[PDB]
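Enquirer:
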């Protein structure tokens with residue numbers, strides 16, 4: 017890790033609001049699509 | 058009244074035996090055609106992998 021880095025690592029959390037329901041809904045839709053294929 | 062009846066009576070046992078054997082054969086054929094069909098379903102690991110790719114990870 018030699019060399020002074022320009023920035024301090026911070027969590028990549030930028031989508032502060034990401035409802036669990038939407039994520040599981042998208043997972044379901046992808047799962048359904050793959051199953052149908 | 059005498060002859061045909063006697064010969065029918067003589068026939069009865071063999072025919073009964075053969076028909077019993079035939080019914081047993083039918084049952085045996087019915088049993089022999091039964092096979093359990095194990096179905097295969099898409100592994101969920103691939104679904105999880107595709108979910109990860111969609112996240113751009």
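Chains as they are written, first to last, in the entry's author numbering: chain d, 17 to 53; chain c, 58 to 114.
From the three backbone atoms N, C-alpha and C, an ideal C-beta is built for every residue, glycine too.
(1) With DSSP run on the structure shown, which of helix, strand or coil describes residue 97/c?
(2) Could you check what DSSP says for residue 31/d in three-state terms: helix, strand or coil?
(3) Quick one, which residues of the stretch 102–114 of chain c are near chain d if we go by CB-CB under 8 Å, in chain order?
(4) I'd like to confirm something about residue 48/d: is its beta-carbon nearer than 7 Å to some heavy atom of the ligand GDP, or not?
(5) Contact defined as beta carbons within less than 8 Å: I believe residue 108/c pairs with residue 46/d. What is the distance between those atoms, to the nearest angstrom?
(6) Hey, does residue 46/d have any beta-carbon neighbour from chain c nearer than 8 Å?
Expert: Concretely, from the data shown:
(1) Of the three classes helix, strand and coil, the one that applies to residue 97/c here is coil, per DSSP.
(2) Looking at residue 31/d - three-state DSSP - the assignment turns out to be coil, as it is neither helix nor strand.
(3) Of all residues in the stretch 102–114 of chain c, only 103, 104, 107, 108 and 111 come within less than 8 Å of chain d when Cβ atoms are compared, listed by chain position.
(4) In the structure on display, the ligand GDP does not appear, and there are no ligands present to speak of.
(5) Going by Cβ atoms, the distance from residue 108/c to residue 46/d rounds to 6 Å, so yes, they are a contact pair.
(6) It does; some Cβ of chain c falls within 8 Å.
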